[PDB]
>>> print(open('protein11.pdb').read())   # PDB, C-alpha atoms
ATOM      1  CA  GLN F  54      34.234  10.060 -41.135
ATOM      2  CA  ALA F  55      32.349   6.980 -39.965
ATOM      3  CA  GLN F  56      33.633   7.521 -36.428
ATOM      4  CA  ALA F  57      32.343  11.096 -36.523
ATOM      5  CA  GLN F  58      28.840   9.903 -37.345
ATOM      6  CA  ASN F  59      28.972   7.434 -34.462
ATOM      7  CA  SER F  60      30.141  10.059 -31.953
ATOM      8  CA  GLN F  61      27.420  12.512 -32.939
ATOM      9  CA  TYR F  62      24.756   9.886 -32.339
ATOM     10  CA  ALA F  63      26.302   9.112 -28.958
ATOM     11  CA  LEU F  64      25.635  12.736 -28.001
ATOM     12  CA  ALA F  65      22.117  12.677 -29.442
ATOM     13  CA  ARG F  66      21.286   9.582 -27.391
ATOM     14  CA  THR F  67      22.617  11.291 -24.274
ATOM     15  CA  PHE F  68      20.183  14.186 -24.587
ATOM     16  CA  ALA F  69      17.277  11.957 -25.617
ATOM     17  CA  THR F  70      17.740   9.920 -22.439
ATOM     18  CA  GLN F  71      17.821  13.109 -20.377
ATOM     19  CA  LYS F  72      14.414  14.223 -21.568
ATOM     20  CA  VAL F  73      12.885  10.736 -21.541
ATOM     21  CA  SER F  74      13.715  10.059 -17.899
ATOM     22  CA  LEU F  75      12.585  13.511 -16.817
ATOM     23  CA  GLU F  76       9.194  12.845 -18.394
ATOM     24  CA  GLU F  77       8.822   9.383 -16.859
ATOM     25  CA  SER F  78       9.251  10.763 -13.342
ATOM     26  CA  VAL F  79       6.362  13.228 -13.398
ATOM     27  CA  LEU F  80       4.339  10.750 -15.440
ATOM     28  CA  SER F  81       4.499   8.198 -12.633
ATOM     29  CA  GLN F  82       3.456  10.871 -10.205
ATOM     30  CA  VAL F  83       0.591  11.811 -12.554
ATOM     31  CA  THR F  84      -0.627   8.236 -12.416
ATOM     32  CA  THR F  85      -0.525   8.494  -8.632
ATOM     33  CA  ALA F  86      -2.519  11.717  -8.600
ATOM     34  CA  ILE F  87      -5.153  10.434 -11.016
ATOM     35  CA  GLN F  88      -5.602   7.377  -8.813
ATOM     36  CA  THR F  89      -6.056   9.380  -5.602
ATOM     37  CA  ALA F  90      -8.551  11.711  -7.265
ATOM     38  CA  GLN F  91     -10.343   8.577  -8.426
ATOM     39  CA  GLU F  92     -10.520   7.201  -4.902
ATOM     40  CA  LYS F  93     -11.972  10.416  -3.523
ATOM     41  CA  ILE F  94     -14.489  10.482  -6.366
ATOM     42  CA  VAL F  95     -15.627   6.980  -5.421
ATOM     43  CA  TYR F  96     -16.160   8.435  -1.958
ATOM     44  CA  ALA F  97     -18.273  11.208  -3.451
ATOM     45  CA  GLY F  98     -20.490   8.305  -4.463
ATOM     46  CA  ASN F  99     -21.027   7.599  -0.770
ATOM     47  CA  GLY F 100     -24.778   7.921  -0.302
ATOM     48  CA  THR F 101     -24.539   8.989   3.334
ATOM     49  CA  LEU F 102     -22.574  12.217   2.850
ATOM     50  CA  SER F 103     -23.978  15.441   4.265
ATOM     51  CA  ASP F 104     -23.568  18.595   2.218
ATOM     52  CA  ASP F 105     -20.975  20.096   4.572
ATOM     53  CA  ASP F 106     -18.893  16.922   4.522
TER
ATOM     54  CA  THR W 213     -29.154  34.321  35.957
ATOM     55  CA  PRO W 214     -31.657  33.307  38.662
ATOM     56  CA  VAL W 215     -34.868  31.946  37.154
ATOM     57  CA  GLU W 216     -36.543  30.327  40.156
ATOM     58  CA  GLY W 217     -40.278  30.623  39.576
ATOM     59  CA  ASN W 218     -39.723  33.643  37.317
ATOM     60  CA  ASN W 219     -41.116  33.004  33.868
ATOM     61  CA  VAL W 220     -39.845  35.329  31.129
ATOM     62  CA  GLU W 221     -36.438  34.557  32.648
ATOM     63  CA  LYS W 222     -36.776  30.775  32.664
ATOM     64  CA  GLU W 223     -37.768  30.444  29.018
ATOM     65  CA  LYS W 224     -35.682  33.453  27.979
ATOM     66  CA  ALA W 225     -32.552  31.774  29.288
ATOM     67  CA  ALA W 226     -33.660  28.522  27.647
ATOM     68  CA  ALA W 227     -33.917  30.217  24.273
ATOM     69  CA  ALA W 228     -30.448  31.713  24.655
ATOM     70  CA  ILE W 229     -29.126  28.228  25.446
ATOM     71  CA  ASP W 230     -30.803  26.766  22.351
ATOM     72  CA  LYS W 231     -29.224  29.403  20.128
ATOM     73  CA  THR W 232     -25.890  28.542  21.721
ATOM     74  CA  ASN W 233     -26.432  24.871  20.887
ATOM     75  CA  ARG W 234     -26.947  25.608  17.197
ATOM     76  CA  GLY W 235     -24.005  27.984  17.133
ATOM     77  CA  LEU W 236     -21.640  25.446  18.642
ATOM     78  CA  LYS W 237     -22.717  22.898  16.053
ATOM     79  CA  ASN W 238     -21.922  25.278  13.197
ATOM     80  CA  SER W 239     -18.579  26.220  14.745
ATOM     81  CA  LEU W 240     -17.545  22.578  15.014
ATOM     82  CA  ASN W 241     -18.330  22.025  11.352
ATOM     83  CA  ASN W 242     -16.314  25.086  10.343
ATOM     84  CA  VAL W 243     -13.199  24.110  12.256
ATOM     85  CA  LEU W 244     -13.469  20.562  10.903
ATOM     86  CA  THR W 245     -13.446  22.001   7.386
ATOM     87  CA  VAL W 246     -10.253  23.876   8.217
ATOM     88  CA  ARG W 247      -8.710  20.672   9.574
ATOM     89  CA  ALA W 248      -9.524  18.880   6.336
ATOM     90  CA  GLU W 249      -7.917  21.575   4.223
ATOM     91  CA  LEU W 250      -4.747  21.349   6.306
ATOM     92  CA  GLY W 251      -4.712  17.569   5.960
ATOM     93  CA  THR W 252      -4.719  17.938   2.191
ATOM     94  CA  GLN W 253      -1.907  20.474   2.463
ATOM     95  CA  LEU W 254       0.212  18.028   4.458
ATOM     96  CA  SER W 255      -0.414  15.156   2.070
ATOM     97  CA  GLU W 256       0.575  17.358  -0.867
ATOM     98  CA  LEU W 257       3.745  18.527   0.859
ATOM     99  CA  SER W 258       4.798  14.961   1.594
ATOM    100  CA  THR W 259       4.141  13.907  -1.994
ATOM    101  CA  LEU W 260       5.879  16.920  -3.507
ATOM    102  CA  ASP W 261       9.123  16.597  -1.566
ATOM    103  CA  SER W 262       9.603  12.980  -2.643
ATOM    104  CA  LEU W 263       9.144  14.117  -6.239
ATOM    105  CA  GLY W 264      11.790  16.771  -5.653
ATOM    106  CA  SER W 265      14.318  14.308  -4.261
TER
END
>>> encode(input="protein11.pdb", output="structure tokens")
Amino acid sequence: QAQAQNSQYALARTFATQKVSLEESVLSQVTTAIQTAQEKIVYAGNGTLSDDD
Amino acid sequence: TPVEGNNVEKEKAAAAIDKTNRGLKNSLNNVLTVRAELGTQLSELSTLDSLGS
């Protein structure tokens, strides 16, 4: 009985890790994208830009 | 078009040339905008494929 409990939680941990890693990946890329959008915003602050640029 | 000594042709041609000057300026800006859009496309494609791998 005890062994059965342990095995079931092995499986649960397997699937939890699946989802966790899959999130982390796109989350890192989201950080990247936020940062690039930030940089191009800071360039919008450039006080020499013409309207077409 | 010969314009030697012939007003109404001299200035007429000059006005056509001026209009051409403005037009070329606008055309350059347009094609530069297209270039910029393609540059963003390329950057996205590079970023996306790494994510996929």
>>> resolve_selection(input="protein11.pdb", expression="the ChimeraX specification (/F :<12) & /W", output="PDB file with C-alpha atoms, in the coordinates of the input")
ATOM      1  CA  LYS W 237     -22.717  22.898  16.053  1.00  0.00           C
ATOM      2  CA  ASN W 238     -21.922  25.278  13.197  1.00  0.00           C
ATOM      3  CA  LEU W 240     -17.545  22.578  15.014  1.00  0.00           C
ATOM      4  CA  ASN W 241     -18.330  22.025  11.352  1.00  0.00           C
ATOM      5  CA  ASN W 242     -16.314  25.086  10.343  1.00  0.00           C
ATOM      6  CA  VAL W 243     -13.199  24.110  12.256  1.00  0.00           C
ATOM      7  CA  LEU W 244     -13.469  20.562  10.903  1.00  0.00           C
ATOM      8  CA  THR W 245     -13.446  22.001   7.386  1.00  0.00           C
ATOM      9  CA  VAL W 246     -10.253  23.876   8.217  1.00  0.00           C
ATOM     10  CA  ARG W 247      -8.710  20.672   9.574  1.00  0.00           C
ATOM     11  CA  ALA W 248      -9.524  18.880   6.336  1.00  0.00           C
ATOM     12  CA  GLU W 249      -7.917  21.575   4.223  1.00  0.00           C
ATOM     13  CA  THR W 252      -4.719  17.938   2.191  1.00  0.00           C
ATOM     14  CA  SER W 255      -0.414  15.156   2.070  1.00  0.00           C
ATOM     15  CA  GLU W 256       0.575  17.358  -0.867  1.00  0.00           C
ATOM     16  CA  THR W 259       4.141  13.907  -1.994  1.00  0.00           C
ATOM     17  CA  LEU W 260       5.879  16.920  -3.507  1.00  0.00           C
ATOM     18  CA  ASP W 261       9.123  16.597  -1.566  1.00  0.00           C
ATOM     19  CA  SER W 262       9.603  12.980  -2.643  1.00  0.00           C
ATOM     20  CA  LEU W 263       9.144  14.117  -6.239  1.00  0.00           C
ATOM     21  CA  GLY W 264      11.790  16.771  -5.653  1.00  0.00           C
ATOM     22  CA  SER W 265      14.318  14.308  -4.261  1.00  0.00           C
TER      23      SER W 265
END
>>> atom_distance(input="protein11.pdb", atom1="atom CA of residue 236 of chain W", atom2="atom CA of residue 222 of chain W")
21.3 Å
>>> atom_distance(input="protein11.pdb", atom1="atom CA of residue 94 of chain F", atom2="atom CA of residue 253 of chain W")
18.3 Å
>>> atom_distance(input="protein11.pdb", atom1="atom CA of residue 84 of chain F", atom2="atom CA of residue 99 of chain F")
23.5 Å
